[PDB]
Amino acid sequence: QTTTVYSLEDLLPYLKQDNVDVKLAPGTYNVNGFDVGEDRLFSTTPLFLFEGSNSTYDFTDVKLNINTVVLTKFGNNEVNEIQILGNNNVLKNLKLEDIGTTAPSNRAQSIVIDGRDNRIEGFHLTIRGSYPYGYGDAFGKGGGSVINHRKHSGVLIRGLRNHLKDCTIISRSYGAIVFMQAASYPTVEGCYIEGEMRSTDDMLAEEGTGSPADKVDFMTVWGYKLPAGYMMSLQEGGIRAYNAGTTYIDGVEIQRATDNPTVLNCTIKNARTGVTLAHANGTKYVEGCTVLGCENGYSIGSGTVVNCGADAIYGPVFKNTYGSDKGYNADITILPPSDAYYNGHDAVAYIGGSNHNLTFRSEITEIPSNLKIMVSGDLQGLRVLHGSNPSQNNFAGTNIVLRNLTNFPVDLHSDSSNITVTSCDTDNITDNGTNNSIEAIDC
């Protein structure tokens, strides 16, 4: 019942067909610059466009090496390795690696999941090739950049009820690793997602070298010179939902925000954020995740974070995104450090908005002297200094339950009100707010 093919060339015709079961034979397949052209293997991007429905593709023991030169072979167009347009497809076990570090002519996405009821499982993806690489978003992630970018992102989940399951996604590229645009009921489950980090001090040491950042005197898009003392990811978000986007389902082009995302049992390491879903609508649910060495742990805006952990070595484990946040229910374990602390944000959590129920647990006994749980106040966050991103800082918190089962101190700013705090110790709580309740608990 399964058709086995032995070349990429033989594989491609099956992509336009419905109801097929195909296996690409174990082996290594290389895609080079010479494979792109009019009479070549790939005359268009996306390279692999899955247009059929109700099909299964088995990539067990297949290694697909794509030279990043391919990212420049299509003119000034976005290049995608895989795009799924059809429905009810299952793609499994592929090991895909970007070879070299050549940047795109415009931008690239490794995998794009449109349509409905699709699943990608057991993939091992390595993402490379982007510009600039080494600054994170300090010099621009969208329009009006200080340094123009050529981004290369990992898995873009769109469509309806699309499912990423048990994949490993390693990025050494400036771009989001797993992200959602116009996705309805996307699920990310059991994935390992990993970027890498660089200190702003190391970036600032490019002074006098003639680097791209040296040429702009390290002036960031946030309106100030890049500050020392922070650890940045070279990637964008680990798992991030966007509030805009376009998707294609059953012949229909759809422009909408992401809605109803679910993230289960994922591990995210060294990205700009662990799980950020505040811009998604509907029900947000995050369970069983581990976030290590990210610039921010969990920010879902509203919904449930349960049985999740994050360490605090490079940024807070928890951040309310806006003063409009409402109904954020979270139980987060502050994990032992995965490396030495280098947290310039001076906070393990920043809490605001209203009607939250927050529990923090930890076994940590050595508390860095700069780290505290903040309810309201002036977060010293890399991107929210000096009035930058003003809606994401300096906002009030009201009617919040805060169960602090940790040794971390708590600072309730004067803009806090009706905060019900329970804590292992009350001696390290500073309360400058209005009508707050503070009670001790035994352990």
Side-chain angles (χ1 to χ4, degrees), residues 71 76-80 103-112 127 129-158 171-183 193 195 197-198 200 203 211-213 215-227 230 232-247 254-258 261 271-281 294-296 299-301 315 319 321-322 324 381-393:
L71 308 185
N76 191 31
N77 297 300
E78 143 191 299
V79 178
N80 305 124
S105 295
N106 176 351
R107 68 190 186 279
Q109 277 98 33
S110 300
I111 299 174
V112 177
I127 313 145
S130 71
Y131 192 85
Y133 189 67
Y135 302 134
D137 60 330
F139 303 103
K141 66 180 171 161
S145 288
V146 174
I147 301 172
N148 288 333
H149 46 80
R150 312 276 190 83
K151 286 204 279 191
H152 184 181
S153 299
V155 183
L156 170 51
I157 308 170
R158 320 208 280 201
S171 172
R172 297 297 184 263
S173 172
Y174 175 40
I177 312 187
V178 175
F179 66 124
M180 300 153 199
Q181 297 182 336
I193 295 159
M197 313 295 280
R198 186 182 188 199
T200 54
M203 301 172 193
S211 74
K215 293 193 52 118
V216 301
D217 290 341
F218 304 96
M219 174 59 50
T220 72
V221 287
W222 312 308
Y224 39 91
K225 195 189 188 181
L226 183 67
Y230 292 88
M232 291 182 74
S233 180
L234 297 194
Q235 286 61 53
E236 301 200 78
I239 300 175
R240 161 80 184 269
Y242 290 82
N243 71 344
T246 305
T247 191
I254 309 173
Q255 266 149 8
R256 58 178 183 199
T258 298
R272 187 167 76 211
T273 49
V275 186
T276 290
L277 302 175
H279 283 6
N281 292 329
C294 286
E295 302 185 56
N296 187 73
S299 310
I300 69 163
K319 173 145 193 311
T321 304
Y322 307 114
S324 60
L382 170 64
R383 302 176 179 77
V384 287
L385 303 178
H386 314 297
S388 171
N389 284 308
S391 293
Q392 297 180 228
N393 202 355

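Starting from 1, each residue takes its place in the sequence as its number. For the numbers below, each heavy atom of this structure counts, side chains included, while hydrogens, waters and symmetry mates do not.
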Distance from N389 atom CG to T321 atom OG1, nearest 0.5 Å? 11.0 Å
How many angstroms lie between OG in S173 and CG in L71, if you round to the nearest 0.5 Å? 8.5 Å
Taking the side chain as every heavy atom from C-beta outward, state whether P227 and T200 have any pair of such atoms under 4.5 Å apart. no
Atom CG of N76 and atom CG of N106: how far apart are they, to the nearest 0.5 Å? 4.5 Å
N/O donor-acceptor pair under 3.5 Å between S153 side chain and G175 backbone: no
How many angstroms lie between atom CE of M197 and atom CE of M232, to the nearest 0.5 angstrom? 8.5 Å
Looking only at heavy atoms, what is the nearest atom pair of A257 and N281, with distance? CB-ND2, 3.8 Å
Derivation of the side-chain contact (heavy atoms from CB on, under 4.5 Å) call for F218 and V146: CA-CA 9 Å; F218 304 96; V146 174; over 6 Å; no
Which residue is it: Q235, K151, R198? I am looking for the one with a side-chain hydrogen bond (donor to acceptor under 3.5 Å, both in side chains) to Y133. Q235
Heavy-atom side-chain proximity of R172 to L234 below 4.5 angstrom: no
Pair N80, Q109 - check side chain to side chain donor-acceptor pair (under 3.5 Å), show working. CA-CA 5 Å; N80 305 124; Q109 277 98 33; 2.9 Å; yes
Beyond-backbone contact of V178 with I157, side-chain heavy atoms, under 4.5 angstrom: yes
Note, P104 side chain near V79 side chain (heavy atom, < 4.5 Å): no
How long is the gap from CD on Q181 to CG on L156, to the nearest 0.5 Å? 5.0 Å
Can you confirm whether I147 sits close enough to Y131 that some side-chain heavy atom of one is under 4.5 Å from a side-chain heavy atom of the other? yes
Would you please classify the geometry between the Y135 ring and the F139 ring as parallel, tilted or perpendicular, with 30° and 60° separating the classes? perpendicular
Do you know the tightest heavy-atom contact between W222 and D137? CZ2-OD1, 3.9 Å
Relative to the ring of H279, is the ring of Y322 parallel (under 30°), tilted (30 to 60°) or perpendicular (over 60°)? parallel
Under 3.5 Å: donor-acceptor pair, side chain of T258, backbone of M180: yes
Answer yes or no: is there a donor N or O on one side and an acceptor on the other, between the side chain of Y224 and the main chain of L385, under 3.5 Å? yes
What are the two closest heavy atoms between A271 and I177, and how far apart are they? CB-CD1, 4.2 Å
With a 4.5 Å heavy-atom cut-off, do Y174 and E236 have their side chains touching? yes
If every non-hydrogen atom of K141 is compared with every non-hydrogen atom of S145, which pair is closest and at what distance? N-OG, 4.3 Å
How about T276 and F179: do any of their side-chain heavy atoms sit closer than 4.5 Å? no
Looking at CD1 of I239 and OG1 of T273, how far apart are the two atoms once the value is rounded to the nearest 0.5 Å? 9.0 Å
Is there side-chain contact between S130 and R150, with heavy atoms separated by less than 4.5 Å? no
Name the one of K319, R272, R383 that satisfies side-chain hydrogen bond (donor to acceptor under 3.5 Å, both in side chains) with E295? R383
